[PDB]
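There is one chain below, alone, in structure tokens, taken in the form deposited in one PDB entry.
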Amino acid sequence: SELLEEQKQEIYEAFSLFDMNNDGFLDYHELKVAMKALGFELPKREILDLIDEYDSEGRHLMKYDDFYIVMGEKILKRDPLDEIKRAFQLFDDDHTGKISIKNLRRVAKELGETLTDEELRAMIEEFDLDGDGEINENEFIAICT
């Protein structure tokens, strides 16, 4: 168990989000979307095999403890770069290849964040060297690295 505290939050938030009846278990459908909430998408057979493997009860469900092992593992073996790029696409939904202010504001609002229009201009300024008042990919990648 060598997960950052926020990684442990990712896992717990994702399991809770599909523990529809707080029974503490997830069925196949819920398990399959829970995993997707962590970026992992698996073949129906794959997922089912995990369930039977950890199905101590015989109820065809997976308890949180087991979800945390299976998930924790795959999260450790996740590539830092692919995450930074998937993020850069999320930021730039205008599909330009450059993060613009309306983008940043759109993300700010989105995440409940509260930032003056100028906080965001300063955010941009900090790393988009050079040209033009917006961050492109290898600019963004630098930031996160």
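Residue indices: 1-based, along the sequence shown. Think of the rigid core as the biggest set of C-alphas that the two forms share within 1.5 Å after superposition. Residues that one form lacks are left out of the comparison.
The form deposited in another entry exists for this protein as well; it is not shown, and the discussion that follows is about that form.
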Quick check: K63 between the shown form and the other one - does its CA shift reach 2 Å or more after fitting the rigid core? no
My question is whether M35 is one of the residues whose C-alpha shifts by 2 Å or more between the shown form and the other one, given a fit on the rigid core. no
Okay, core lined up, where does the chain shift between the shown form and the other one, counting runs of 3 or more residues with each Cα at least 2 Å away? 87-145
